[PDB]
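Let's start with one chain on its own, the form deposited in one PDB entry, as C-alpha coordinates.
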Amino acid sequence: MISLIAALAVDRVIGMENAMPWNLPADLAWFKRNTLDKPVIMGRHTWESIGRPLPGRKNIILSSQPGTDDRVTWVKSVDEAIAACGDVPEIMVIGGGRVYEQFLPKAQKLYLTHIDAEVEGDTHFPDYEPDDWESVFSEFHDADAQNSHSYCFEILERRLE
(Lines give C-alpha, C1' and ligand atoms only; values in the text may rest on other atoms or scores of the structure.)
Protein backbone atom coordinates (compact mmCIF):
# COMPACT_ATOMS: atom_id res chain seq x y z
CA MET A 1 0.00 0.00 0.00
CA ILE A 2 0.68 3.72 -0.47
CA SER A 3 1.84 5.91 2.44
CA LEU A 4 2.57 9.64 2.67
CA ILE A 5 5.35 10.74 4.99
CA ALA A 6 5.74 14.44 5.78
CA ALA A 7 7.04 16.87 8.41
CA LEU A 8 4.47 19.58 9.22
CA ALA A 9 4.85 22.90 11.04
CA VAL A 10 1.82 24.75 12.48
CA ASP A 11 -1.14 25.13 10.11
CA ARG A 12 0.28 22.17 8.16
CA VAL A 13 3.01 24.18 6.43
CA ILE A 14 5.66 22.01 4.75
CA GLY A 15 9.09 22.83 3.36
CA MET A 16 12.34 21.36 2.12
CA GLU A 17 14.66 19.80 4.69
CA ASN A 18 17.74 21.98 4.04
CA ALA A 19 16.18 24.84 6.03
CA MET A 20 15.32 24.98 9.70
CA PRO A 21 13.18 23.56 11.62
CA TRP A 22 12.76 20.72 9.08
CA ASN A 23 16.38 19.99 10.07
CA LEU A 24 15.26 18.24 13.26
CA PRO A 25 17.76 15.36 13.42
CA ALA A 26 15.11 13.29 15.20
CA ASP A 27 12.76 13.69 12.23
CA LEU A 28 15.54 12.73 9.82
CA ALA A 29 16.10 9.48 11.73
CA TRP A 30 12.34 8.89 11.84
CA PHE A 31 12.21 9.46 8.07
CA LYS A 32 15.13 7.12 7.38
CA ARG A 33 13.62 4.49 9.66
CA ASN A 34 10.23 4.45 7.91
CA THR A 35 11.51 4.62 4.30
CA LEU A 36 14.41 2.17 4.59
CA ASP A 37 14.31 -0.41 1.79
CA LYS A 38 11.03 0.91 0.38
CA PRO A 39 10.51 2.60 -2.98
CA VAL A 40 10.03 6.37 -2.70
CA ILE A 41 8.03 8.65 -5.01
CA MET A 42 8.77 12.38 -5.09
CA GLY A 43 8.09 15.45 -7.24
CA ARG A 44 10.70 17.27 -9.34
CA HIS A 45 11.49 20.08 -6.85
CA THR A 46 12.01 17.55 -4.08
CA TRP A 47 14.32 15.61 -6.39
CA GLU A 48 16.10 18.88 -7.16
CA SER A 49 16.54 19.68 -3.44
CA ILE A 50 17.94 16.28 -2.54
CA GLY A 51 20.36 16.26 -5.51
CA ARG A 52 20.97 12.49 -5.53
CA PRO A 53 18.93 9.32 -4.95
CA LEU A 54 18.13 7.93 -1.54
CA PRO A 55 20.27 4.79 -1.29
CA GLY A 56 19.23 1.19 -1.63
CA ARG A 57 15.72 1.57 -3.06
CA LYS A 58 13.87 2.63 -6.16
CA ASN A 59 13.57 6.42 -6.48
CA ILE A 60 10.71 7.47 -8.74
CA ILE A 61 10.25 11.10 -9.85
CA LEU A 62 6.75 12.14 -10.91
CA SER A 63 7.03 15.03 -13.41
CA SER A 64 5.59 16.25 -16.71
CA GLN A 65 9.20 17.08 -17.86
CA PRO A 66 11.56 14.52 -19.43
CA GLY A 67 14.07 13.04 -17.04
CA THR A 68 17.61 14.38 -16.64
CA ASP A 69 19.26 11.77 -14.42
CA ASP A 70 19.45 8.08 -15.14
CA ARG A 71 19.96 7.00 -11.54
CA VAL A 72 16.23 7.34 -10.91
CA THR A 73 12.99 6.49 -12.69
CA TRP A 74 10.96 9.29 -14.26
CA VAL A 75 7.21 8.96 -14.83
CA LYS A 76 4.39 11.21 -15.90
CA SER A 77 1.32 9.93 -14.05
CA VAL A 78 0.33 8.59 -10.66
CA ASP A 79 -0.48 5.13 -12.06
CA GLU A 80 2.87 4.95 -13.81
CA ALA A 81 4.57 5.87 -10.53
CA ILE A 82 2.69 3.16 -8.64
CA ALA A 83 3.36 0.49 -11.30
CA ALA A 84 7.07 1.35 -11.31
CA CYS A 85 7.32 0.28 -7.65
CA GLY A 86 6.45 -3.32 -8.54
CA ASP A 87 4.95 -5.76 -6.05
CA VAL A 88 6.00 -4.46 -2.62
CA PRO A 89 4.30 -4.16 0.78
CA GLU A 90 4.58 -0.35 1.06
CA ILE A 91 5.23 2.64 -1.23
CA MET A 92 6.49 5.87 0.44
CA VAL A 93 5.45 9.23 -1.06
CA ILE A 94 7.98 11.76 0.25
CA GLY A 95 6.81 15.13 -1.20
CA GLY A 96 6.27 17.71 -2.17
CA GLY A 97 2.97 19.48 -1.81
CA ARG A 98 1.66 18.71 -5.29
CA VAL A 99 2.68 15.04 -5.07
CA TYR A 100 1.04 14.65 -1.62
CA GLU A 101 -2.19 16.06 -3.06
CA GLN A 102 -2.11 13.67 -6.03
CA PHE A 103 -1.44 10.58 -3.91
CA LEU A 104 -3.67 11.31 -0.92
CA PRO A 105 -6.78 9.61 -2.41
CA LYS A 106 -4.96 6.31 -2.90
CA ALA A 107 -2.93 6.59 0.32
CA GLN A 108 -3.87 4.27 3.16
CA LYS A 109 -1.41 5.46 5.80
CA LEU A 110 0.15 8.78 6.92
CA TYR A 111 3.39 9.26 8.84
CA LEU A 112 3.26 12.83 10.16
CA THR A 113 5.85 14.75 12.17
CA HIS A 114 4.08 17.62 13.95
CA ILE A 115 6.80 20.20 14.61
CA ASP A 116 5.98 22.81 17.23
CA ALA A 117 7.32 25.75 15.26
CA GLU A 118 6.36 28.75 13.14
CA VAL A 119 7.45 29.00 9.52
CA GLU A 120 6.24 31.25 6.73
CA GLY A 121 5.33 29.12 3.75
CA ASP A 122 3.15 28.93 0.67
CA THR A 123 2.68 25.16 0.48
CA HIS A 124 0.60 23.11 2.95
CA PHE A 125 0.16 19.39 3.44
CA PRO A 126 -3.24 18.28 2.06
CA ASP A 127 -6.26 18.83 4.28
CA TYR A 128 -7.06 15.23 5.15
CA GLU A 129 -10.58 14.73 6.48
CA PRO A 130 -10.31 13.82 10.20
CA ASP A 131 -13.34 11.60 9.61
CA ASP A 132 -11.63 9.21 7.18
CA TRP A 133 -8.41 8.79 9.18
CA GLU A 134 -7.82 6.97 12.45
CA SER A 135 -4.79 7.97 14.50
CA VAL A 136 -3.14 4.74 15.66
CA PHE A 137 0.15 6.03 17.06
CA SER A 138 1.60 9.24 18.45
CA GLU A 139 4.79 9.96 20.31
CA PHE A 140 5.65 13.40 21.72
CA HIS A 141 9.17 14.65 22.34
CA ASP A 142 10.52 17.72 24.15
CA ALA A 143 12.98 20.08 22.54
CA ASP A 144 16.51 19.08 23.60
CA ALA A 145 20.12 19.91 22.71
CA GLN A 146 19.97 18.43 19.18
CA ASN A 147 16.33 19.28 18.44
CA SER A 148 15.39 22.94 18.58
CA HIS A 149 11.61 22.49 18.94
CA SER A 150 9.28 19.93 20.42
CA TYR A 151 7.80 17.49 17.94
CA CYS A 152 5.31 14.64 17.80
CA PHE A 153 5.38 11.66 15.46
CA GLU A 154 1.98 10.41 14.44
CA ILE A 155 0.72 7.55 12.25
CA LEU A 156 -2.78 7.48 10.82
CA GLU A 157 -4.59 4.83 8.84
CA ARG A 158 -7.53 5.27 6.50
CA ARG A 159 -10.87 4.30 8.01
CA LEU A 160 -12.06 2.36 4.98
CA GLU A 161 -15.09 1.13 6.88
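Basically, rigid core = biggest C-alpha set you can superpose within 1.5 Å across the two forms. Throughout, we count residues from 1 along the sequence that is shown.
One more form of this protein should be noted, the form deposited in another entry, which is absent from this view; the next part is about it.
A.B. asks: Tell me, please, whether between the shown form and the other one the C-alpha of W22 is shifted by 2 Å or more, with the rigid core used for superposition.
C.D. replies: Yes, because once the rigid core is superposed, the C-alpha of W22 moves 2 Å or more between the shown form and the other one.
A.B. asks: Classify the change in Cα distance between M20 and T46 in the other form as closer or farther, relative to the shown form (magnitude of 3 Å or more).
C.D. replies: So the answer is closer.
A.B. asks: Tell me whether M16 and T35 end up closer or farther apart in the other form, going by their C-alpha atoms; the shift is 3 Å or more.
C.D. replies: Relative to the shown form, the pair is farther apart.
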